[PDB]
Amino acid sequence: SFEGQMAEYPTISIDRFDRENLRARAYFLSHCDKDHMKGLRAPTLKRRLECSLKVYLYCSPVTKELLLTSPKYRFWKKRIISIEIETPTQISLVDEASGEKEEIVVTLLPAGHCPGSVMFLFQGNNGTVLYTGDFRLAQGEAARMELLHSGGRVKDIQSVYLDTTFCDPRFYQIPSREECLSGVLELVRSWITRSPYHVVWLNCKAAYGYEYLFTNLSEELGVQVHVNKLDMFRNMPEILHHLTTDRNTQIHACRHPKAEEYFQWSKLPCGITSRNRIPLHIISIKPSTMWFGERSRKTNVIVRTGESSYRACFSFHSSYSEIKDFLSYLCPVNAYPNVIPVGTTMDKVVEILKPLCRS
């Protein structure tokens, strides 16, 4: 998968903070979530930050704000530097022992509709490289990123380190973000407008990136979404105001204690079953990735699984056709998969991408 270091600039570590990454001259975090924060508050990292004073963590403004709300990452406060989006920024990397000073320019590019998530474009004296993090771009979106271009052509990119979650031809097409949103919106609307006692449970994983779903549902329907915790958004009113910790609402995205089995659940996580002793009429909607082959047509983003249960198309990651389009456009020398899909291996994904690369 991806273990923190790009071959071209080994002294920087991205989205991985353990093992070899303990010797980084600079750290980068693409987005706030467990999978991309492995080792980020390990005692061995803290130990190393005490011995190495000029090492910083770089991320988007939103990611910095999110991280500083958590007591367990406050030790980073003095050492976290945000970089504005699409604002090429020079960073100095110093060898703590010797006197090797190394200069790189980093540009943050949007990755997809998820709070604070970015791609990092690095330009230095060993070529240009792109680290995508998790991403899903809109149609034609990469082509519109002026900072990926020079002289009306794409920049010469040596290596792209990219989200290959669905890098297999079986995952050829995934419904668009807009298609996914509209499907969920209209399902929720059809339910909660029936009476004040009709409520929806959005069954989401313990991860950021459902916020755009929550905010659009809230905006369109004039209802706040129930969540377990919203204090990470204390300084983000455009998100915060669409959310609530009060369970007296028609849209819920609360979560059971993570320990519990899916088969143990029999209600809303927060325990509300009635209002004015009138039973709530509840449907469950589970965001779930759905896809279609190259030669198939897309079908409904809403899949009914029971009298009161539904799956809804939703993806954090680009489809295979979107990956191909992105890499075809960027035309790098090398493409490195960051994720091996569960039904394959790392070497075989590298081979699927080889025809899009120059060498």
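Quick note: we count residues from 1 along the sequence shown, nothing fancier.
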ask   = Which of the two stretches, 171 to 179 or 234 to 242, shows the higher mean Cα temperature factor in the record?
value = 234 to 242
query = Which is higher in the entry, the mean Cα B factor of 65 to 73 or that of 302 to 310?
reply = 65 to 73
query = Going by the entry, which of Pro269, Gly116, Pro196, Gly99 has the most elevated CA B factor?
reply = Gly99
ask   = Based on what the PDB entry reports, which of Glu186, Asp163, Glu84, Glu103 has the top C-alpha B-factor?
value = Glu103
key: Position of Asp15 among the chain's modelled residues by C-alpha B-factor, lowest, middle or highest third   = lowest
query = Which third of the chain does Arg297 land in by C-alpha B-factor: lowest, middle or highest?
reply = highest
request  = Quick one: classify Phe122 as lowest, middle or highest third of the chain based on its Cα B-factor.
outcome  = lowest
task = Check where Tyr131 lands among this chain's C-alpha B-factors and tell me if it's the lowest, middle or highest third.
result = lowest
inquiry  = Test of reading the entry: by CA B factor among the chain's modelled residues, which third contains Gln90?
reply    = middle
